[PDB]
Amino acid sequence: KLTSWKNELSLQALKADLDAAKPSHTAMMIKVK
Amino acid sequence: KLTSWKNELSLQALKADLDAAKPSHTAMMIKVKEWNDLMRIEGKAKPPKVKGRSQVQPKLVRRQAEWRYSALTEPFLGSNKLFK
Amino acid sequence: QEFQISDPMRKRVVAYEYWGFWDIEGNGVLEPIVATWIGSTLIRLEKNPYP
Amino acid sequence: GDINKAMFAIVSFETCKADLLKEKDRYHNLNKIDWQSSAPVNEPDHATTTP
Amino acid sequence: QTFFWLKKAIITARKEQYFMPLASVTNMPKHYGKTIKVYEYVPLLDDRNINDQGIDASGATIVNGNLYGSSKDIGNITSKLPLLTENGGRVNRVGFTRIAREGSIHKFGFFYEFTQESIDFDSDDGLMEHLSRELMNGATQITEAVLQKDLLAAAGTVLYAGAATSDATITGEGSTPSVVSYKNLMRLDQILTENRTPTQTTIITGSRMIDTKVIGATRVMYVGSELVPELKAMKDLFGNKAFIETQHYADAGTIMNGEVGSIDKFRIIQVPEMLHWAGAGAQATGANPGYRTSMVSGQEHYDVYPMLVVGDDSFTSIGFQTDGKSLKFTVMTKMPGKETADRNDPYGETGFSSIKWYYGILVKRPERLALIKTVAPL
Amino acid sequence: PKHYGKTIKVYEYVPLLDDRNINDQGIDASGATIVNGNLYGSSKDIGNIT
Amino acid sequence: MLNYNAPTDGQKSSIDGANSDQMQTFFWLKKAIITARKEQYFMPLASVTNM
Amino acid sequence: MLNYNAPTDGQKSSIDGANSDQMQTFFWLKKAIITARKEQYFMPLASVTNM
Amino acid sequence: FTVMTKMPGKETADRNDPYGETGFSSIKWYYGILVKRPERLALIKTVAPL
């Protein structure tokens, strides 16, 4: 536990957000390419 | 009961109003979608696909709107202050 | 269509709002009101705040 | 459609251990990461101009 | 082939529905299956309190735990009173029971297809709005019919008229026709009062206008349009007219929707779409005095009509994501075109529109639903 | 108005559930084709409706 | 195709293994109905004398 | 003697009649058990080339 | 890993399934190796104890 907050985010939530947001970015980057 | 008014509206009355108003709105939105289709070349606008021929369509509505956008946006951005 | 945040406190849920005139007292005088509901729950109901 | 209403933003970059050591207090737990053996830059999702 | 179209289509309205607004909505949270259950705590002295936990005053074990059932006999009560002596101990024990009930949810839906040629080449504009309106009206009518059918099937208190004892035994021809009589309404009132059913309305006292009568009905009765001519000509016990029309007590009272009059302790409401069992009655011979019949497998059979009474808190409407109203519809339209044509139709010239909903009902206490089966005249 | 003969006409839409709605676009719950398109006509039978 | 089937009626949803089943199948309101006390008529009439 | 008995295994409780059974018979944690991703040793070595 | 998914709703409604109660999630990727100096890869084949 890095910090003293009552609720800590933890790394699993961060990677969950990353994997949830990534599919739309993948569909968008095709247009820019 | 949320409030102390003599007559309380309840959710059913509001939803009755919404379901009464909805059919006109649905008929209205079809025209908006058609105009956007003419602008962006989809739906009825897109030319049919044929194996041995072309399928190009130059964009007229887009062009006519393209000058209007920049013609109209400018006067609102000419100065540092917006309201007088 | 499929995007969902992990934390429920950051989830986005569609809400509806109603601006209109109503005869609150039944006297025949119409007054403006505002009401907000989510799903089947009426979460807020009050008079018009803006002057 | 508005950047202000966004909840989060994730950015990936290349860094070296000297950058992390420039401010010791900010960063913790640097010993677990290996710094001796792995020497390709091959992370797929990250896009870079480095050879 | 040159005609002038008036550009104003002839359209009918939607059926007014009376049973649906009576229902109350109970929410079903998602991820809990599709069934609701509750408990009923049976009182101490009722008959259903069956338990092997009884000791009478003499100290012996007895079969029945409840002191005495729902019996009004004086002798039985005097026999089974809980008595106590000076040196009492382990004298009288009682026990209790709880009962559970359940209801479930089903699923419905229907759709229709059109073509873009139809919406383009047609002379009449606004075809789409007409089609959507007709679809929605049909859906609402179907829903109300389903609810009425379920209520009629779940009825607890049933009173066959005349001398019959089943749907098959209902008949019009004979010495004793099966039709409504004043005694039947009195009996239904007596039964409902015994069942502790709360009264919907209040007594209407007199007014000051000339030719105004007083009515002391405290309940609501739903009849079809077929029974009303039969009801209008009833005579009470002494011989005089029974039906009291609404214009007599329109003043000093509030006329509810669809009310035609009032008989005994019932205010008659006329429902347009009231369902009747067809051919449920006995066979109809040539001695028919003028009662409706129906053709069942080559034989004429009489008809049976519901005449329903609904008590308070008899049932609730199980609602699964059904929003404020007891039912929520889900409708989507796919406009025809090549753009949609990717997998099934290479051309995609047909669109559609579908509507679906989830319906479910829970009857908490079915002792407050009453129903009288009778034949109706031509 | 002139130049339209001497005839005027209107359109009358019939609801879904009336028996006058004699069409040929029915599919029953199983998936097969059925004779009548309207679900159930003006009939008010418990058995027929159910 | 993953399906739900019927958890009761001796059927299994496809997600569930050979060893498992659904934990919740119904919903309980936790509000039980109550029958009110029978009202009394003869009791008010009686007058009380001390002994 | 109102006994809890053993509702599961068919021995109904004393209070329950012939129509009803105990509504809840267990507690559910809602925090499942999962396994982590397998570690990769050959993937770091490789390098990527566009074409 | 290019991941596509279509939850049940309007977007997955079609002529075969007019209402629309289905879904799918799919995952795909490309692969291929080129060996520049195969002389540098080394291998030893042997049996192993039980």
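Observations
Labels A, B, C, D, E, F, G, H and I are assigned to the chains in the order they are written; within every chain, residues are numbered from 1.
Simple rule for what comes next: a contact is a pair of C-beta atoms (placed from the backbone, for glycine too) under 8 Å apart; a residue touches a chain by one contact, two chains touch by 3 or more.
Using the contact threshold fixed earlier, the set of chains in contact with both chain B and chain E is C.
Relative orientation of chain G and chain H, expressed as the C-alpha superposition rotation angle, is 180° to the nearest 5.
Inter-chain spacing, taken between the CA centroids of chain B and chain F, is 36 Å. Look at where the CA atoms of chain F average out and do the same for chain I: the two points lie 51 Å apart. Chain centres here are Cα averages; for chain A and chain I they lie 21 Å apart. Among the residues of chain H, those in touch with two or more other chains are 23, 46.
For chain C, the set of residues touching two or more other chains reads 2, 5, 37, 40.
Looking at the complex, you find that chain E touches chain B at residues 126, 128-129, 132-133, 323-325, 335, 337-339. Taken in their complex, chain B has these residues touching chain C: 2-3, 5-7, 9-11, 14, 17. Those residues of chain D that touch chain A in the shared complex are 8, 10, 28-29. Looking at the complex, you find that chain A touches chain D at residues 2, 14, 17-18, 21. Taken in their complex, chain I has these residues touching chain E: 10, 13-16, 18-20.
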